[PDB]
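What's in final.pdb: PDB, C-alpha atoms
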ATOM      1  CA  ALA A   2     123.464  73.540  72.931
ATOM      2  CA  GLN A   3     121.986  76.753  74.296
ATOM      3  CA  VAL A   4     122.867  79.690  76.551
ATOM      4  CA  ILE A   5     122.007  80.430  80.168
ATOM      5  CA  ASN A   6     123.865  83.728  79.834
ATOM      6  CA  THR A   7     120.787  85.235  78.158
ATOM      7  CA  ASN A   8     117.155  84.313  77.454
ATOM      8  CA  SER A   9     117.006  86.038  74.094
ATOM      9  CA  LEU A  10     113.697  84.251  73.572
ATOM     10  CA  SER A  11     112.123  86.067  76.515
ATOM     11  CA  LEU A  12     113.630  89.304  75.286
ATOM     12  CA  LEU A  13     111.913  88.630  71.957
ATOM     13  CA  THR A  14     108.547  88.065  73.630
ATOM     14  CA  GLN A  15     108.840  91.190  75.752
ATOM     15  CA  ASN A  16     108.866  93.761  72.944
ATOM     16  CA  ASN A  17     105.791  92.186  71.372
ATOM     17  CA  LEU A  18     104.151  92.393  74.786
ATOM     18  CA  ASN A  19     104.837  96.118  75.092
ATOM     19  CA  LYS A  20     103.681  96.846  71.545
ATOM     20  CA  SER A  21     100.392  95.039  72.112
ATOM     21  CA  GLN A  22      99.973  96.800  75.448
ATOM     22  CA  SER A  23     100.468 100.217  73.855
ATOM     23  CA  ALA A  24      97.916  99.446  71.157
ATOM     24  CA  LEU A  25      95.483  98.372  73.864
ATOM     25  CA  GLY A  26      96.135 101.503  75.891
ATOM     26  CA  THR A  27      95.355 103.811  73.002
ATOM     27  CA  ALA A  28      92.254 101.819  72.095
ATOM     28  CA  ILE A  29      90.883 101.879  75.640
ATOM     29  CA  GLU A  30      91.592 105.590  75.985
ATOM     30  CA  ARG A  31      89.611 106.325  72.839
ATOM     31  CA  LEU A  32      86.765 103.984  73.750
ATOM     32  CA  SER A  33      86.452 105.475  77.236
ATOM     33  CA  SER A  34      86.696 109.145  76.292
ATOM     34  CA  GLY A  35      84.320 108.866  73.362
ATOM     35  CA  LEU A  36      86.590 111.208  71.393
ATOM     36  CA  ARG A  37      89.417 109.976  69.194
ATOM     37  CA  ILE A  38      91.228 113.345  69.076
ATOM     38  CA  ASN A  39      92.282 113.336  72.718
ATOM     39  CA  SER A  40      95.574 115.152  72.122
ATOM     40  CA  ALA A  41      97.500 116.768  69.300
ATOM     41  CA  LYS A  42      99.547 113.566  69.207
ATOM     42  CA  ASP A  43      96.577 111.920  67.489
ATOM     43  CA  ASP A  44      95.840 114.283  64.582
ATOM     44  CA  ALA A  45      97.423 117.713  64.225
ATOM     45  CA  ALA A  46      95.084 118.889  61.478
ATOM     46  CA  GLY A  47      92.029 117.416  63.161
ATOM     47  CA  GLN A  48      92.588 119.138  66.483
ATOM     48  CA  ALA A  49      93.121 122.570  64.927
ATOM     49  CA  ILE A  50      90.113 122.187  62.629
TER      50      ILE A  50
ATOM     51  CA  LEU B 447      78.886 122.820  61.927
ATOM     52  CA  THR B 448      78.142 120.797  65.057
ATOM     53  CA  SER B 449      77.530 117.725  62.927
ATOM     54  CA  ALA B 450      80.824 118.264  61.114
ATOM     55  CA  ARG B 451      82.741 118.704  64.367
ATOM     56  CA  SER B 452      81.218 115.509  65.723
ATOM     57  CA  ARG B 453      82.109 113.625  62.548
ATOM     58  CA  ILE B 454      85.720 114.760  62.849
ATOM     59  CA  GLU B 455      86.364 114.341  66.566
ATOM     60  CA  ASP B 456      84.307 111.316  67.563
ATOM     61  CA  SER B 457      85.656 107.766  67.497
ATOM     62  CA  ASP B 458      84.064 104.809  65.735
ATOM     63  CA  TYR B 459      82.615 102.508  68.373
ATOM     64  CA  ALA B 460      82.740  99.304  66.339
ATOM     65  CA  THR B 461      86.285  99.841  65.092
ATOM     66  CA  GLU B 462      87.691 100.710  68.495
ATOM     67  CA  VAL B 463      85.888  97.818  70.186
ATOM     68  CA  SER B 464      87.346  95.480  67.586
ATOM     69  CA  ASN B 465      90.847  96.851  68.125
ATOM     70  CA  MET B 466      90.672  96.564  71.912
ATOM     71  CA  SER B 467      89.213  93.060  71.795
ATOM     72  CA  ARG B 468      91.868  91.882  69.360
ATOM     73  CA  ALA B 469      94.683  93.415  71.406
ATOM     74  CA  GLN B 470      93.586  91.806  74.670
ATOM     75  CA  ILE B 471      94.099  88.364  73.119
ATOM     76  CA  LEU B 472      97.648  89.325  72.194
ATOM     77  CA  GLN B 473      98.160  90.431  75.784
ATOM     78  CA  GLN B 474      96.909  87.164  77.261
ATOM     79  CA  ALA B 475      99.003  85.066  74.908
ATOM     80  CA  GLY B 476     102.170  87.116  75.263
ATOM     81  CA  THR B 477     101.975  86.937  79.038
ATOM     82  CA  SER B 478     101.508  83.171  79.060
ATOM     83  CA  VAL B 479     104.206  82.508  76.479
ATOM     84  CA  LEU B 480     106.640  84.817  78.259
ATOM     85  CA  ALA B 481     106.152  82.903  81.490
ATOM     86  CA  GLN B 482     106.571  79.508  79.840
ATOM     87  CA  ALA B 483     109.522  80.578  77.683
ATOM     88  CA  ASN B 484     111.273  82.070  80.672
ATOM     89  CA  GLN B 485     110.790  78.862  82.602
ATOM     90  CA  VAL B 486     111.584  75.964  80.273
ATOM     91  CA  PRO B 487     115.023  76.720  78.720
ATOM     92  CA  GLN B 488     116.053  77.442  82.282
ATOM     93  CA  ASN B 489     115.183  74.107  83.848
ATOM     94  CA  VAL B 490     116.134  71.880  80.932
ATOM     95  CA  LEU B 491     119.538  73.528  80.565
ATOM     96  CA  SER B 492     120.163  73.364  84.308
ATOM     97  CA  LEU B 493     119.261  69.671  84.303
ATOM     98  CA  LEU B 494     121.700  68.618  81.580
TER      99      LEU B 494
ATOM    100  CA  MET C   1      80.362 110.190  71.146
ATOM    101  CA  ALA C   2      78.430 107.619  73.222
ATOM    102  CA  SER C   3      81.047 107.827  76.023
ATOM    103  CA  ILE C   4      81.068 104.236  77.297
ATOM    104  CA  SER C   5      83.059 104.409  80.528
ATOM    105  CA  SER C   6      84.405 101.485  82.578
ATOM    106  CA  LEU C   7      86.306  98.864  80.508
ATOM    107  CA  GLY C   8      88.503  98.668  83.609
ATOM    108  CA  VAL C   9      86.093  96.423  85.517
ATOM    109  CA  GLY C  10      85.337  98.968  88.243
ATOM    110  CA  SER C  11      81.789 100.354  88.218
ATOM    111  CA  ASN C  12      82.925 103.839  87.251
ATOM    112  CA  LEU C  13      79.813 104.597  85.166
ATOM    113  CA  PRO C  14      77.268 104.451  88.039
ATOM    114  CA  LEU C  15      79.692 106.247  90.295
ATOM    115  CA  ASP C  16      79.703 109.053  87.754
ATOM    116  CA  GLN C  17      75.922 108.775  87.575
ATOM    117  CA  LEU C  18      75.596 109.307  91.322
ATOM    118  CA  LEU C  19      78.040 112.185  91.094
ATOM    119  CA  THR C  20      75.443 113.372  88.617
ATOM    120  CA  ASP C  21      72.984 112.778  91.439
ATOM    121  CA  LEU C  22      75.224 115.054  93.476
ATOM    122  CA  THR C  23      75.215 117.091  90.309
ATOM    123  CA  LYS C  24      71.516 116.766  90.945
ATOM    124  CA  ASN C  25      72.409 117.826  94.474
ATOM    125  CA  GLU C  26      73.608 120.949  92.702
ATOM    126  CA  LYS C  27      70.289 120.853  90.969
ATOM    127  CA  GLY C  28      69.585 120.803  94.679
ATOM    128  CA  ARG C  29      71.571 124.031  94.998
ATOM    129  CA  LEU C  30      68.891 125.185  92.602
ATOM    130  CA  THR C  31      66.261 123.656  94.907
ATOM    131  CA  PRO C  32      66.736 126.625  97.255
ATOM    132  CA  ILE C  33      66.590 128.715  94.099
ATOM    133  CA  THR C  34      63.449 126.902  92.927
ATOM    134  CA  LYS C  35      61.653 127.276  96.249
ATOM    135  CA  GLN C  36      62.403 130.983  96.093
ATOM    136  CA  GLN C  37      61.138 131.075  92.501
ATOM    137  CA  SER C  38      57.887 129.382  93.445
ATOM    138  CA  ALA C  39      57.424 131.839  96.294
ATOM    139  CA  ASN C  40      57.865 134.753  93.893
ATOM    140  CA  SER C  41      55.506 133.221  91.342
ATOM    141  CA  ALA C  42      52.793 132.752  93.947
ATOM    142  CA  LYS C  43      53.344 136.325  95.130
ATOM    143  CA  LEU C  44      52.831 137.680  91.618
ATOM    144  CA  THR C  45      49.743 135.529  91.200
ATOM    145  CA  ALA C  46      48.295 136.971  94.402
ATOM    146  CA  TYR C  47      49.049 140.487  93.185
ATOM    147  CA  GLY C  48      47.088 139.775  90.016
ATOM    148  CA  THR C  49      44.197 138.371  92.037
ATOM    149  CA  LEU C  50      44.030 141.513  94.151
ATOM    150  CA  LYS C  51      44.110 143.551  90.945
ATOM    151  CA  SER C  52      41.035 141.694  89.715
TER     152      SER C  52
ATOM    153  CA  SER D 417      65.304 141.619  89.259
ATOM    154  CA  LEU D 418      64.882 138.813  91.812
ATOM    155  CA  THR D 419      63.658 136.039  89.522
ATOM    156  CA  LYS D 420      66.180 137.593  87.164
ATOM    157  CA  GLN D 421      68.933 137.141  89.737
ATOM    158  CA  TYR D 422      67.605 133.623  90.041
ATOM    159  CA  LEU D 423      68.002 133.183  86.289
ATOM    160  CA  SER D 424      71.593 134.361  86.573
ATOM    161  CA  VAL D 425      72.459 132.245  89.613
ATOM    162  CA  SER D 426      70.781 129.180  88.163
ATOM    163  CA  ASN D 427      72.829 129.627  84.976
ATOM    164  CA  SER D 428      76.081 130.102  86.887
ATOM    165  CA  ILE D 429      75.348 127.117  89.126
ATOM    166  CA  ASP D 430      74.663 124.983  86.066
ATOM    167  CA  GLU D 431      77.994 125.993  84.553
ATOM    168  CA  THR D 432      79.718 124.989  87.778
ATOM    169  CA  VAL D 433      77.947 121.629  87.950
ATOM    170  CA  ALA D 434      78.979 120.816  84.402
ATOM    171  CA  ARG D 435      82.554 121.741  85.301
ATOM    172  CA  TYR D 436      82.707 119.463  88.343
ATOM    173  CA  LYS D 437      81.159 116.533  86.505
ATOM    174  CA  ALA D 438      83.555 116.946  83.577
ATOM    175  CA  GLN D 439      86.573 116.904  85.869
ATOM    176  CA  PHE D 440      85.258 113.706  87.418
ATOM    177  CA  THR D 441      84.790 112.114  83.992
ATOM    178  CA  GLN D 442      88.340 112.790  82.844
ATOM    179  CA  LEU D 443      89.705 111.546  86.154
ATOM    180  CA  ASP D 444      87.760 108.301  85.784
ATOM    181  CA  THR D 445      89.159 107.780  82.292
ATOM    182  CA  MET D 446      92.667 108.003  83.717
ATOM    183  CA  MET D 447      91.543 105.445  86.288
ATOM    184  CA  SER D 448      90.445 103.116  83.495
ATOM    185  CA  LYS D 449      93.860 103.221  81.873
ATOM    186  CA  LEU D 450      95.816 102.592  85.052
ATOM    187  CA  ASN D 451      93.492  99.844  86.260
ATOM    188  CA  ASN D 452      93.809  97.879  83.036
ATOM    189  CA  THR D 453      97.586  98.178  82.987
ATOM    190  CA  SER D 454      98.022  97.083  86.590
ATOM    191  CA  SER D 455      95.540  94.237  86.150
ATOM    192  CA  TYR D 456      97.482  92.574  83.360
ATOM    193  CA  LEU D 457     100.703  93.224  85.257
ATOM    194  CA  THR D 458      99.148  91.315  88.166
ATOM    195  CA  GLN D 459      98.141  88.315  86.089
ATOM    196  CA  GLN D 460     101.639  88.203  84.603
ATOM    197  CA  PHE D 461     103.172  88.110  88.081
ATOM    198  CA  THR D 462     100.818  85.361  89.215
ATOM    199  CA  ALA D 463     101.599  83.145  86.237
ATOM    200  CA  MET D 464     105.363  83.677  86.254
ATOM    201  CA  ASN D 465     105.408  82.904  89.966
ATOM    202  CA  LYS D 466     103.321  79.779  89.409
ATOM    203  CA  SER D 467     106.235  78.813  87.172
TER     204      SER D 467
END

Using the file provided, produce a representation of the structure as structure tokens.
Amino acid sequence: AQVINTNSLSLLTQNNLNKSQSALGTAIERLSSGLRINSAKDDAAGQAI
Amino acid sequence: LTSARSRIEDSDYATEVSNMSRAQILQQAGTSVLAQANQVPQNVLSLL
Amino acid sequence: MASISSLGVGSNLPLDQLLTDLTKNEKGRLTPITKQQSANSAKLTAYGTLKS
Amino acid sequence: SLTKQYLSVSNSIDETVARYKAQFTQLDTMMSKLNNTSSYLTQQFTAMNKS
């Protein structure tokens, strides 16, 4: 009693995958640069200060 | 002023290391589970 | 900041270090400059000696 | 005048060396990001093909 027309379960896994990957990307960027304020996207007030 | 600028801009090594380490585990899991979850409903259902 | 490069497996850190060696090859660029400096310094020293 | 010109040229050269090295550093950080992404993509392909 299931559906071949769609693997909703895999769809569910995928979004979690991308979210984790984005978190990892930001973390590695910060850890490599050595600066956390790498772009205004990070902290508007911080960058201007 | 240099000290203040450093304190604002610089990242915290321990915190960022922790975050990266924790996230990599999520990556490994998610990849494995995605593979397995893709595979199994497929073959069982096809069998029926 | 502490930098901390790599984290992508590749040995980027030492590559950057040896670019700093080629940055020390631009310290080389200075090396012409430093040889010229030493020549001038010796020249001035000789002038002082002759003054004495 | 001459050792002075040396002072000036040394200074300018040093500025340039810092510039080149900095460009290289930022480029390598971009490398780090892309390498990590592609690496996990690769493992995912290998596993899902092993399927």

Return as a ChimeraX atom specification the set of residues that the ChimeraX specification (/C :<10) & /B yields on the displayed structure. /B:452-453,455-459,466

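Interatomic distance, atom CA of residue B:491 against atom CA of residue B:476: 22.7 Å.
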
Spell out the residues picked by the ChimeraX specification (/D :<7) & /B here, as a PyMOL selection string. chain B and resi 477+481+485

Would you translate the PyMOL selection byres ((chain A) within 12 of (chain D)) into the concrete set of residues it matches in this file, as a PDB file with C-alpha atoms, in the coordinates of the input?
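Written file, result-v7.pdb:
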ATOM      1  CA  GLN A  15     108.840  91.190  75.752  1.00  0.00           C
ATOM      2  CA  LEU A  18     104.151  92.393  74.786  1.00  0.00           C
ATOM      3  CA  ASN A  19     104.837  96.118  75.092  1.00  0.00           C
ATOM      4  CA  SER A  21     100.392  95.039  72.112  1.00  0.00           C
ATOM      5  CA  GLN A  22      99.973  96.800  75.448  1.00  0.00           C
ATOM      6  CA  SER A  23     100.468 100.217  73.855  1.00  0.00           C
ATOM      7  CA  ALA A  24      97.916  99.446  71.157  1.00  0.00           C
ATOM      8  CA  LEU A  25      95.483  98.372  73.864  1.00  0.00           C
ATOM      9  CA  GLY A  26      96.135 101.503  75.891  1.00  0.00           C
ATOM     10  CA  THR A  27      95.355 103.811  73.002  1.00  0.00           C
ATOM     11  CA  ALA A  28      92.254 101.819  72.095  1.00  0.00           C
ATOM     12  CA  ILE A  29      90.883 101.879  75.640  1.00  0.00           C
ATOM     13  CA  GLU A  30      91.592 105.590  75.985  1.00  0.00           C
ATOM     14  CA  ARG A  31      89.611 106.325  72.839  1.00  0.00           C
ATOM     15  CA  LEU A  32      86.765 103.984  73.750  1.00  0.00           C
ATOM     16  CA  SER A  33      86.452 105.475  77.236  1.00  0.00           C
ATOM     17  CA  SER A  34      86.696 109.145  76.292  1.00  0.00           C
ATOM     18  CA  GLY A  35      84.320 108.866  73.362  1.00  0.00           C
ATOM     19  CA  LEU A  36      86.590 111.208  71.393  1.00  0.00           C
ATOM     20  CA  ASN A  39      92.282 113.336  72.718  1.00  0.00           C
TER      21      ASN A  39
END

One-decimal distance in Å that lies between atom CA of residue D:434 and atom CA of residue B:447: 22.6 Å
